[PDB]
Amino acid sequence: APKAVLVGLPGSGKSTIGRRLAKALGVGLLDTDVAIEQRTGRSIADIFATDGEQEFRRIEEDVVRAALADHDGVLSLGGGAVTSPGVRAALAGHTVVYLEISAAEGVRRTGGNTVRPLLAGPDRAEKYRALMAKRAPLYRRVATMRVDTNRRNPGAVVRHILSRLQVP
């Protein structure tokens, strides 16, 4: 059982924070997007382009359920992880930290050049607003703790988290 599951829109910090939240607790971090690229031997960019999100979402669903019982440290979920009705029920009972972010910073932190299937230019922001709107509800449903990583220092966020994870 993960010491904490991290969910949030791509660009919310899931990785930056998943590392500091894991290194501070003394437990390895784990990414579902990365776990899938291993169990399949295929890049998520391909699995999407060739087989499709439909099938991908299934594979992710199976991989997540797999980590919710195997991993003992910090677990990080892919953006649309919470769109899978099955994934949301596997999260029931876990410590789920929803890292919130506004369309402003979210898009500013994702304008790099990593191949994001669901977030590709042009109008890469309209796409972000949509993802945010459509999913925001979902993240609330599975989140046992809502932390804002918007205006904050990657470390000051982990600071905030650990306190609320030790206090009732």
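What we label the rigid core is the largest C-alpha set whose atoms superpose within 1.5 Å from one form to the other. Heads up: residue numbers just count along the shown sequence, starting at 1.
Is 52 to 60 or 25 to 33 the stretch whose C-alphas end up farther from this model in 8 other deposited structures of this protein after a rigid core fit?
Once the core is superposed, the stretch further away in 8 other deposited structures of this protein is 52 to 60.
Among the other entries of this protein that model both neighbours of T114, is it absent from at least a third?
In at least a third of the other entries, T114 has no coordinates.
Going by the B-factors listed in the PDB entry, is the mean over the C-alpha atoms higher for 29 to 37 or for 133 to 141?
Taking the mean C-alpha B-factor of 29 to 37 and of 133 to 141, the larger value falls to 29 to 37.
111 to 119 versus 95 to 103: which one carries the higher mean Cα B factor per the record?
Mean CA B-factor is higher for 111 to 119.
Give the position of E60 by CA B-factor within its chain, expressed as the lowest, middle or highest third.
Answer is lowest: the recorded C-alpha B-factor places it there.
Please place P168 in the lowest, middle or highest third of its chain according to the CA B-factor in the PDB entry.
It belongs to the highest third of the chain when residues are ordered by C-alpha B-factor.
Which third of the chain holds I161 when residues are ordered by C-alpha B factor: lowest, middle or highest?
Tercile = middle for this residue's CA B-factor.
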